[PDB]
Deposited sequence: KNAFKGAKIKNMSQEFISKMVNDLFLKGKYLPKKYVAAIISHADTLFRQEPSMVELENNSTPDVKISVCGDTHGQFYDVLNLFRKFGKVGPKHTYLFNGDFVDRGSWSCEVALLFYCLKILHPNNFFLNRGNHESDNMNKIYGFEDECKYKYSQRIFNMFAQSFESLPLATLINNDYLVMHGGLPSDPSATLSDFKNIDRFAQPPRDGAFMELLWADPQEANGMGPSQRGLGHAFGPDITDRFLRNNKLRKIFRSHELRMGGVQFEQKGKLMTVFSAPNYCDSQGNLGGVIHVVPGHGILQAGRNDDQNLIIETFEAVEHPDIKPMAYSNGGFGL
């Protein structure tokens, strides 16, 4: 694996609407799978000690390869100076789910210490059957290749902690006031998300602005009182999560205790929304009234880009 390999794959193959030989796909899915399996259920990251490493957090990409690429061209390439985290939901809906999954896997292999993924609710069997990926995968490669992706999904961490300040999961928090970091750490993640419990809430829960807890519009809703309690109990600053569309790519929520970052711009070729990113860069933050109250954070946004004459879920 080399940057050379990714460039040819991206430029020579995926941008000409060609697929990788099935032997490479398998090698990639398998090497990525092995890497993530060595990782704890909650990855712990820091750049306090390494001043000039920028950590970026991105949200849903839902197989929008062309925006992912743009995201990379605008915000910079993954490297020793530049870690990234994708907070799940990178497959389904978009019609280049395989191409995103594969870049991410390659990147994981090439920069195992500068590239990170949380599982999102769509990196699951139930979701892929319904929402696109399975069909796209079977069409482009095979049932066996799909199974390989599906297995790899069980290996993805459920949450990632940054600078002991920010906790990041695709969905939200459990409403259990007992819940702690070590609870998330010890989760038996190599399986499908369960019906109830913190495993599913990490992947399914949405915040609300009302206090308390309740059923969501679609797991559960959790109010700013639940977030606050969790943050102070666990010596954190904020929650970052994704799982919901935000017209402005990232949204400052729950009186600052929470941010949603969503990185699938003009979602479903329809929403005309921005995608977002959250640089954690300690002490070089850029404050804005109503968007960022933290001196370690830069919030940027990005617009959708053109993509080939293909529908969403074209498979």
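Missing from the model, relative to the deposited sequence, are the stretches 1-11, 230-231, 329-335.
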